[PDB]
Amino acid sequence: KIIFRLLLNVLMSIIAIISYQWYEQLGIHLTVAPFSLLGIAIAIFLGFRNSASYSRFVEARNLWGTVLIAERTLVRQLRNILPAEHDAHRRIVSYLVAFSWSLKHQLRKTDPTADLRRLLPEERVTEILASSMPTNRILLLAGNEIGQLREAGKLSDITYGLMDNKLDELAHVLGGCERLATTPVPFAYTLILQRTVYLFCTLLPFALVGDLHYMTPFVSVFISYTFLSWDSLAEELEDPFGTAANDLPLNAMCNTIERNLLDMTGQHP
């Protein structure tokens, strides 16, 4: 809907053109210089803001990359260290796959019930849904699988530890994503910028008309487009787990993770 404010800006320019006649007869003067000062200041602030928004997006993408890496290596360790424990391989993989989908639902604020039931027995589904953090309970359940292998003497404390480390890595991902989801960049940044950029763009033609006359709408819309484009891009990057164009394709990412883990456990889709 950025196109709406561009069209609206064209209308404000036309108002600026038709009312420029009555400018002197009202006592209003508007030069370009003060608006260059204001405009450059806003651009500087948009530049820094946009940079921060991009960094949050990059970090979110990084965290999701770590899910894939840590889950691959955990399965790799299980196969290298306990090549014959295939039942354990399957149970742990189902938890690792459930973890990814559940993380996705947590970040999207959606119901993980259907995905959980496709992957896990109903008793486990109930236990997981009852927790205030189902992704955390899933890590705990995956941990019990490894813990029981340890108690049975199949894993030593050392080899248990190598795998426990991967669960710590997933916990770090969970916390990182939760931090990015609960933290926006402070609201007062968009509040300043969104209101400020819009007000600036609509007032601009009134300041340009004295110099540009009929050429006001073209130059005004070009300037507005530049500022609005840069501003709206930051808003989209600030919410990496959202549904908007340039947000993370979390569903495709979860599919990739699941396909990887079924590839390493001899299963076919």
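Throughout, we count residues from 1 along the sequence that is shown.
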Residue range whose averaged C-alpha B-factor is higher in the record, 179-187 or 145-153: 179-187
Per the entry, higher mean C-alpha B factor between 210-218 and 42-50: 210-218
109, 195, 89, 137, ranked by C-alpha B-factor: the highest one: 195
Criterion, highest CA B-factor; candidates, 244, 69, 58, 33: 244
Residue 11 - Cα temperature factor, lowest/middle/highest third of chain: highest
Lowest, middle or highest third - CA B-factor, residue 63: lowest
Where the record places residue 199 (Cα B-factor, split into thirds across the chain): highest
Residue 253 - which third its CA temperature factor falls in, relative to the rest of the chain: middle
